[PDB]
file protein.csv (CSV, C-alpha atoms and all ligand atoms)
chain,number,residue,atom,x,y,z
A,1,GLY,CA,21.9,-60.0,-21.2
A,2,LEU,CA,25.0,-57.8,-20.7
A,3,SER,CA,28.5,-58.5,-19.6
A,4,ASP,CA,29.9,-56.8,-16.5
A,5,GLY,CA,32.1,-54.9,-18.9
A,6,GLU,CA,29.0,-53.6,-20.6
A,7,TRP,CA,27.1,-52.9,-17.4
A,8,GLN,CA,30.2,-50.9,-16.2
A,9,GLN,CA,29.9,-48.8,-19.4
A,10,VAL,CA,26.2,-48.3,-18.9
A,11,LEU,CA,26.6,-47.1,-15.3
A,12,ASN,CA,29.6,-44.9,-16.4
A,13,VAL,CA,27.4,-43.3,-19.0
A,14,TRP,CA,24.6,-43.0,-16.4
A,15,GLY,CA,27.0,-40.9,-14.3
A,16,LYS,CA,26.6,-38.2,-16.9
A,17,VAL,CA,22.9,-38.3,-16.7
A,18,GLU,CA,23.0,-38.1,-12.9
A,19,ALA,CA,25.1,-34.9,-12.9
A,20,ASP,CA,22.0,-33.3,-14.5
A,21,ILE,CA,19.0,-35.5,-14.3
A,22,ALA,CA,16.4,-32.8,-14.9
A,23,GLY,CA,18.2,-31.4,-18.0
A,24,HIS,CA,18.7,-34.9,-19.5
A,25,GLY,CA,15.1,-35.9,-18.6
A,26,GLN,CA,13.7,-32.7,-20.2
A,27,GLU,CA,15.6,-33.2,-23.4
A,28,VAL,CA,14.7,-36.8,-23.7
A,29,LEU,CA,11.0,-36.0,-23.4
A,30,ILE,CA,11.3,-33.1,-25.8
A,31,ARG,CA,13.1,-35.3,-28.4
A,32,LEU,CA,10.3,-37.9,-28.0
A,33,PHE,CA,7.4,-35.4,-28.3
A,34,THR,CA,8.9,-33.5,-31.2
A,35,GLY,CA,10.1,-36.6,-33.0
A,36,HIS,CA,6.9,-38.5,-32.5
A,37,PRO,CA,4.0,-36.1,-31.8
A,38,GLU,CA,1.5,-38.9,-31.4
A,39,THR,CA,3.3,-39.7,-28.1
A,40,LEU,CA,2.3,-36.3,-26.7
A,41,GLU,CA,-1.4,-37.4,-26.9
A,42,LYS,CA,-0.8,-40.0,-24.2
A,43,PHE,CA,-0.2,-37.3,-21.6
A,44,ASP,CA,-3.3,-35.3,-20.6
A,45,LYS,CA,-1.0,-32.9,-18.8
A,46,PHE,CA,1.3,-32.2,-21.7
A,47,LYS,CA,-1.1,-32.4,-24.6
A,48,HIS,CA,-1.6,-28.6,-24.1
A,49,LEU,CA,2.0,-28.0,-25.2
A,50,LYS,CA,2.0,-27.2,-28.9
A,51,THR,CA,5.4,-25.7,-29.4
A,52,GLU,CA,8.9,-26.8,-28.4
A,53,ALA,CA,9.4,-23.5,-26.6
A,54,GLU,CA,6.4,-24.2,-24.4
A,55,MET,CA,7.9,-27.7,-23.8
A,56,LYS,CA,11.3,-26.1,-23.0
A,57,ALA,CA,9.7,-23.7,-20.5
A,58,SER,CA,7.6,-26.3,-18.8
A,59,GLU,CA,8.8,-27.0,-15.2
A,60,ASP,CA,6.3,-29.9,-15.0
A,61,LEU,CA,7.8,-31.5,-18.1
A,62,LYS,CA,11.2,-31.3,-16.4
A,63,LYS,CA,9.7,-32.7,-13.3
A,64,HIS,CA,8.3,-35.7,-15.2
A,65,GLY,CA,11.6,-36.0,-16.9
A,66,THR,CA,13.1,-36.4,-13.5
A,67,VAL,CA,10.6,-39.0,-12.5
A,68,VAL,CA,11.1,-41.0,-15.7
A,69,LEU,CA,14.9,-41.0,-15.6
A,70,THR,CA,15.0,-41.6,-11.9
A,71,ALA,CA,12.9,-44.7,-12.4
A,72,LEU,CA,15.0,-45.9,-15.4
A,73,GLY,CA,18.2,-45.2,-13.5
A,74,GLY,CA,17.0,-47.3,-10.5
A,75,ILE,CA,16.3,-50.1,-13.0
A,76,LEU,CA,19.7,-49.7,-14.7
A,77,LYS,CA,21.5,-49.9,-11.4
A,78,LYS,CA,20.0,-53.4,-10.9
A,79,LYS,CA,22.1,-54.7,-13.8
A,80,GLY,CA,19.2,-56.8,-15.2
A,81,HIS,CA,17.9,-57.9,-11.8
A,82,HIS,CA,14.9,-55.6,-12.1
A,83,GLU,CA,11.8,-57.8,-12.0
A,84,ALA,CA,10.4,-56.1,-8.9
A,85,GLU,CA,11.1,-52.6,-10.3
A,86,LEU,CA,9.9,-53.3,-13.8
A,87,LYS,CA,6.7,-55.1,-13.2
A,88,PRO,CA,4.7,-52.2,-11.8
A,89,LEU,CA,5.9,-50.0,-14.7
A,90,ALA,CA,4.9,-52.5,-17.3
A,91,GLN,CA,1.5,-52.9,-15.6
A,92,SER,CA,0.8,-49.2,-15.3
A,93,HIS,CA,1.9,-48.5,-18.8
A,94,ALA,CA,-0.1,-51.3,-20.3
A,95,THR,CA,-3.3,-51.0,-18.2
A,96,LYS,CA,-3.5,-47.4,-17.2
A,97,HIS,CA,-1.4,-45.3,-19.6
A,98,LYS,CA,-1.9,-47.7,-22.5
A,99,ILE,CA,1.6,-47.1,-24.0
A,100,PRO,CA,2.3,-49.4,-26.9
A,101,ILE,CA,5.8,-50.9,-27.0
A,102,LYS,CA,6.6,-48.9,-30.1
A,103,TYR,CA,6.8,-45.8,-28.0
A,104,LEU,CA,9.3,-47.4,-25.7
A,105,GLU,CA,11.4,-48.0,-28.8
A,106,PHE,CA,11.0,-44.3,-29.6
A,107,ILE,CA,12.2,-43.1,-26.2
A,108,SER,CA,15.1,-45.6,-26.2
A,109,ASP,CA,16.4,-44.1,-29.4
A,110,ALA,CA,15.7,-40.6,-28.0
A,111,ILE,CA,18.0,-41.3,-25.0
A,112,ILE,CA,20.8,-42.3,-27.4
A,113,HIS,CA,20.2,-39.2,-29.4
A,114,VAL,CA,20.3,-36.9,-26.3
A,115,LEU,CA,23.5,-38.4,-25.0
A,116,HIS,CA,25.3,-37.7,-28.3
A,117,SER,CA,23.9,-34.2,-28.4
A,118,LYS,CA,24.9,-33.3,-24.8
A,119,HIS,CA,28.2,-35.2,-24.9
A,120,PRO,CA,29.5,-35.0,-28.4
A,121,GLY,CA,32.7,-36.9,-28.8
A,122,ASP,CA,32.2,-38.1,-25.2
A,123,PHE,CA,29.8,-41.0,-25.9
A,124,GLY,CA,32.0,-43.6,-27.6
A,125,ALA,CA,31.0,-46.5,-29.8
A,126,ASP,CA,31.5,-49.0,-26.9
A,127,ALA,CA,29.3,-46.9,-24.6
A,128,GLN,CA,26.5,-46.5,-27.2
A,129,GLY,CA,26.6,-50.3,-27.7
A,130,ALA,CA,26.3,-51.0,-24.0
A,131,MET,CA,23.5,-48.4,-23.5
A,132,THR,CA,21.6,-49.7,-26.5
A,133,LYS,CA,21.7,-53.2,-25.2
A,134,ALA,CA,20.6,-52.1,-21.8
A,135,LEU,CA,17.6,-50.3,-23.2
A,136,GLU,CA,16.7,-53.3,-25.4
A,137,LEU,CA,16.7,-55.5,-22.3
A,138,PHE,CA,14.4,-53.1,-20.6
A,139,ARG,CA,12.1,-53.0,-23.6
A,140,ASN,CA,12.1,-56.7,-24.0
A,141,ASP,CA,11.2,-57.4,-20.4
A,142,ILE,CA,8.4,-54.9,-20.7
A,143,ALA,CA,7.3,-56.5,-23.9
A,144,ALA,CA,7.0,-59.9,-22.2
A,145,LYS,CA,4.6,-58.4,-19.6
A,146,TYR,CA,2.6,-56.7,-22.3
A,147,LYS,CA,2.2,-60.1,-24.0
A,148,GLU,CA,1.0,-61.6,-20.8
A,149,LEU,CA,-1.6,-58.9,-20.5
A,150,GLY,CA,-2.6,-59.3,-24.2
A,151,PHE,CA,-1.8,-55.6,-24.7
A,152,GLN,CA,-1.4,-54.1,-28.1
B,1,LIG,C1,12.4,-45.4,-20.1
B,1,LIG,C2,11.0,-45.4,-20.3
B,1,LIG,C3,10.0,-45.0,-19.2
B,1,LIG,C4,10.1,-44.9,-17.9
B,1,LIG,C5,11.3,-45.4,-17.0
B,1,LIG,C6,8.8,-44.4,-17.4
B,1,LIG,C7,8.5,-44.2,-16.1
B,1,LIG,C8,7.3,-43.7,-15.6
B,1,LIG,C9,7.0,-43.5,-14.2
B,1,LIG,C10,7.9,-43.9,-13.0
B,1,LIG,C11,5.8,-42.9,-14.1
B,1,LIG,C12,5.0,-42.6,-12.9
B,1,LIG,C13,4.5,-43.8,-12.2
B,1,LIG,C14,3.5,-44.6,-13.0
B,1,LIG,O1,2.5,-44.1,-13.5
B,1,LIG,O2,3.8,-45.8,-13.3
B,1,LIG,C15,5.3,-42.7,-15.5
B,1,LIG,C16,4.1,-42.2,-15.8
B,1,LIG,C17,3.6,-42.0,-17.1
B,1,LIG,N1,4.2,-42.4,-18.3
B,1,LIG,FE1,6.0,-43.5,-18.3
B,1,LIG,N2,8.0,-44.1,-18.5
B,1,LIG,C18,8.7,-44.5,-19.6
B,1,LIG,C19,8.2,-44.3,-20.9
B,1,LIG,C20,7.0,-43.7,-21.3
B,1,LIG,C21,6.6,-43.4,-22.6
B,1,LIG,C22,7.5,-43.7,-23.9
B,1,LIG,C23,5.4,-42.9,-22.6
B,1,LIG,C24,4.4,-42.3,-23.7
B,1,LIG,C25,4.8,-42.1,-24.9
B,1,LIG,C26,5.0,-42.8,-21.2
B,1,LIG,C27,3.8,-42.3,-20.7
B,1,LIG,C28,3.5,-42.1,-19.4
B,1,LIG,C29,2.3,-41.4,-19.0
B,1,LIG,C30,1.1,-40.9,-19.8
B,1,LIG,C31,2.4,-41.4,-17.4
B,1,LIG,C32,1.4,-40.8,-16.5
B,1,LIG,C33,1.7,-39.3,-16.5
B,1,LIG,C34,0.8,-38.5,-15.5
B,1,LIG,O3,-0.4,-38.4,-15.8
B,1,LIG,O4,1.3,-38.1,-14.4
B,1,LIG,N3,6.0,-43.4,-20.4
B,1,LIG,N4,6.3,-43.2,-16.3

call {"tool": "encode", "arguments": {"input": "protein.csv", "output": "structure tokens", "more": "lines below"}}
Ligand code: HEM
result
Amino acid sequence: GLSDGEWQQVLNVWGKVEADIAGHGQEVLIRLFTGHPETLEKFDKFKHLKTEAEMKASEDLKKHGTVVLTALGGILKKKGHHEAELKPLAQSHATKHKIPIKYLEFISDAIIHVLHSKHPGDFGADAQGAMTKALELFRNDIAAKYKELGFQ
């Protein structure tokens, strides 16, 4: 649960992502895959990528980065009222993609990392705190649906 002050910070930070959604999306996925190579194995269409150069040169990775961040952004803009938006994602990720919640933790931290990297000195403590809380909320609501499904 975030205050309106914190949501305002979240959506302000998100304005940065939206000025270049593909670049941000790409770098988030690269940070995930290089930081936690086991995550790469969940994507049959990215598992072929072995090097970060190949990742960087992949237009399809950028495209998926756009899909992922577009979805997260739509969820963030709901300011916590995202049951309708989140439920199909939780279901697809638990039942089809089989993504354990740990990996959602991974990508959460990766987003924080990328924002600092692309906006050094421009991602303040208050903004990081708000964004972190937002991603925790997201994760926690997914986790609840995972439990429902008995998914580990
Ligand atoms: C902020 C977190 C995430 C968001 C917003 C998100 C969103 C999405 C969306 C919208 C899709 C396409 C629709 C669907 O299949 O449901 C998708 C597909 C997929 N996602 Fe996620 N995702 C997230 C995190 C992750 C993570 C951390 C992993 C794995 C480590 C992952 C693995 C996959 C896979 C394997 C697909 C199918 C890709 C394909 O074959 O086209 N997702 N995701």

call {"tool": "residues_near_ligand", "arguments": {"input": "protein.csv", "ligand": "ligand LIG 1 (chain B)", "cutoff": "8 Å", "atoms": "all atoms listed in the file", "output": "count of residues only"}}
result
37

call {"tool": "closest_residue", "arguments": {"input": "protein.csv", "among": "A:66, A:114, A:101, A:130", "to": "residue A:146", "atoms": "all atoms listed in the file"}}
result
A:101

call {"tool": "closest_residue", "arguments": {"input": "protein.csv", "among": "A:34, A:26, A:152, A:12", "to": "residue A:65", "atoms": "all atoms listed in the file"}}
result
A:26

call {"tool": "atom_distance", "arguments": {"input": "protein.csv", "atom1": "atom CA of residue A:117", "atom2": "atom CA of residue A:1"}}
result
26.9 Å

call {"tool": "closest_residue", "arguments": {"input": "protein.csv", "among": "A:48, A:78, A:62, A:36", "to": "residue A:23", "atoms": "all atoms listed in the file"}}
result
A:62

call {"tool": "atom_distance", "arguments": {"input": "protein.csv", "atom1": "atom CA of residue A:2", "atom2": "atom CA of residue A:123"}}
result
18.2 Å

call {"tool": "atom_distance", "arguments": {"input": "protein.csv", "atom1": "atom CA of residue A:125", "atom2": "atom CA of residue A:142"}}
result
25.8 Å

call {"tool": "closest_residue", "arguments": {"input": "protein.csv", "among": "A:131, A:115, A:76, A:57", "to": "residue A:20", "atoms": "only C-alpha atoms"}}
result
A:115

call {"tool": "closest_residue", "arguments": {"input": "protein.csv", "among": "A:102, A:77, A:16, A:87", "to": "residue A:148", "atoms": "all atoms listed in the file"}}
result
A:87
